[PDB]
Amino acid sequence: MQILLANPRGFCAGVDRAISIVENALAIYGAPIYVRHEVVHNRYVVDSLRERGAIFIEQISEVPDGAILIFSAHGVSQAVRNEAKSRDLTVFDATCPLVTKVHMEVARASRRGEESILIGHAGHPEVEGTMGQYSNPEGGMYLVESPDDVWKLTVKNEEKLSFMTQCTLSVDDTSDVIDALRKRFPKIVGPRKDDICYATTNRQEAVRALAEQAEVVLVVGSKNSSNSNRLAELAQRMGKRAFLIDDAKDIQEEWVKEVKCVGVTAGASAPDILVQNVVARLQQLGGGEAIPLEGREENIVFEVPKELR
């Protein structure tokens, strides 16, 4: 059994920055540091920090008075941001700058009264954060997940219409949703393609390449990580067995029994240490040295706020 590793995999720039914001806040002010929602969608990063003294809460009510609060990397709504500010809390915002950029366009559409369509997945926090940038009653903010959702949507003024996308969607399914919007709404405006980040794009291409060599694909990531899910899902629609695993303990040996070539990748929120242990576990079930594929270079780094260095 040959182990292949996808390239790129694992940490993106926004995730590295957000985890570092929490560590450096913890280092500058000591436990406890409150954080709204899991800072990133990874069980291991979140138990890692929860035991360094960070406390993960779901509403700003849960956070005391005079306490330090961090917004997660998935971002937050204007309402949340306001409910925090009017409560005398020190606030640090770990929202990935690639989410912020899409927030800015939403809020631009709110101000000018004009309607906006988000392509994203209901109930995901990035979605809640982004829809909640829209507040103008004159217009609207609408959510679509598929072409069918588009075929049913009606809008006040289809002449002044924009769309935005969640960063961590499938590149292919998103393409079909956009195709649907441009055909129902020939005036709609959005980005030359989508708002999907470079990391989601890259991880997708990489796992596509990996799934054409490997029979089985293991994707390191937590259940609630959208991008990680797109990775497994992509592999599966290529007809490969693919499993989303939190770590080595989840590998069932039947999955790799008699498999000539197994592939490993990692969502943008999964730390390299998890992948290393998954590789050691595969080597016990009979695999050789891990071979990384050639891949597209990533050179983007996002620095923590100056106050947190």
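A residue's number is simply how far along the shown sequence it sits, counting from 1.
Colleague: Comparing 158 to 166 with 85 to 93, which has the greater mean CA B-factor as deposited?
Modeller: If you average the C-alpha B-factors of 158 to 166 and of 85 to 93, the larger mean comes out for 85 to 93.
Colleague: Please compare 149 to 157 with 171 to 179 and name the stretch with the higher mean C-alpha B-factor in the deposited structure.
Modeller: Of 171 to 179 and 149 to 157, the stretch with the higher C-alpha B-factor average is 149 to 157.
Colleague: Considering only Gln213, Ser72, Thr201, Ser226, which residue's Cα atom bears the greatest B-factor as recorded?
Modeller: Across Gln213, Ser72, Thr201, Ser226, the entry lists the biggest C-alpha B-factor for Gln213.
Colleague: Going by the CA temperature factor in the entry, name the top one among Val39, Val264, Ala268, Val256.
Modeller: The listed residue with the largest C-alpha B-factor is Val256.
Colleague: Quick check on the deposited entry: does the C-alpha B-factor of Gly113 sit in the lowest, middle or highest third of its chain?
Modeller: According to the entry, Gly113 has a C-alpha B-factor in the chain's highest third.
Colleague: Among the modelled residues of its chain, does the C-alpha B-factor of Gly120 lie in the lowest, middle or highest third?
Modeller: Lowest third - that is where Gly120 ends up once the chain's C-alpha B-factors are sorted.
Colleague: Using the B-factors in the PDB entry, rank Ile251's C-alpha atom against the chain and give the third, lowest, middle or highest.
Modeller: For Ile251, the deposited C-alpha B-factor lands in the middle third.
Colleague: Name the third of the chain's ranked CA B-factors that contains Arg230, choosing lowest, middle or highest.
Modeller: For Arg230, whose C-alpha B-factor we compare with every modelled residue in the chain, the answer is the lowest third.
Colleague: By the recorded C-alpha temperature factor, relative to the other modelled residues in its chain, which third is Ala67 in?
Modeller: Top third by C-alpha B-factor.
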